[PDB]
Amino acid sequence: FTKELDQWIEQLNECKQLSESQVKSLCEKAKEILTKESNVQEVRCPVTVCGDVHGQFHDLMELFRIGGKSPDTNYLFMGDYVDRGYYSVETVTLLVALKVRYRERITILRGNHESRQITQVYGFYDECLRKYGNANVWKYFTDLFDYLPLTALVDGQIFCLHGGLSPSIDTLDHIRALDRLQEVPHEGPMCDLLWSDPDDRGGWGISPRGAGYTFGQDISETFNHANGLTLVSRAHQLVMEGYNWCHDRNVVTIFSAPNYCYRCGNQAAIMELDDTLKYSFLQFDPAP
């Protein structure tokens, strides 16, 4: 059986999509694997942690030329693989394909975009028909997205999630308790984890995104110390540099889609956590 993936990957690597048949089945093998994963997936280092990709496939190629090719290099992606870009399909399939092939070399978390309601309005939806004629490959994915892990714990020290912190979540067990196998709610802890943003105004603020919340440094400090964490590693928000420390290094934002939407003009970055959890950042520009 293996034979196909190695190929599927080689094909998707050239940016050649898969068939509604192939997809529908990959989404199957995927599901079975991802349920055996915890809401707080345990991940041992080293790992190069990556943020938002948003279908900018060619750049995802440029990212591998920066951190290295899989499975030689262990990878942790924090959601937002679809939407905005023009290659959401080829992008999200390559990764979901890699996850099945090298289960222990890649970790894919859920982004606020890996949801139905959003993929519709933001491109992954239209792109799907525009490449398949039907909304079936979009349904197979939006479904698989449900089984995606909400957060990750690297070395029991670094907390990795797409969005941010929630007022209705205090410990890691709260998260593990959560039922993630459902569409992203408009409110609640699950939602917050994928929508929250960290600002510089104390406590919990009203998220100018409409979903999730805004947390100030004080909230981060608490969460980290309460759960024995060193850092909160997240993406979700574009940072002109690619990555950006805030809240006195309690929180770090990593965006991996350079020149977001071929418009925003910004750098992308990945974060390398080595054999001994030593962190380094790598800022890259959009592949030419």
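C-alpha atoms forming the largest set that superposes within 1.5 Å between two forms make up the rigid core. So that there is no doubt, residue numbering starts at 1 and follows the sequence shown.
Superposing the other copies on the rigid core and comparing 116 to 124 to 79 to 87, farther C-alpha placement in 5 other deposited structures of this protein marks 79 to 87. Higher mean CA temperature factor, per the PDB entry, when comparing 44 to 52 with 24 to 32: 24 to 32. Comparing 164 to 172 with 132 to 140, the higher mean C-alpha B-factor in the PDB entry belongs to 132 to 140. You'll see in the entry that, of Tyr81, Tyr122, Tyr102, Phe159, the Cα B factor peaks at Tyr102.
Ranked within its chain, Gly111 lands in the lowest third, by CA B factor from the PDB record.
Among the modelled residues of its chain, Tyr86 has a C-alpha B-factor that falls in the highest third according to the deposited record. Residue-level temperature factors show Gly210 in the middle third of its chain, judged at the C-alpha atom. For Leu18, the recorded CA B-factor ranks within the highest third of the chain. Only modelled residues enter the ranking.
Among all modelled residues in its chain, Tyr147 ranks in the middle third by Cα B-factor.
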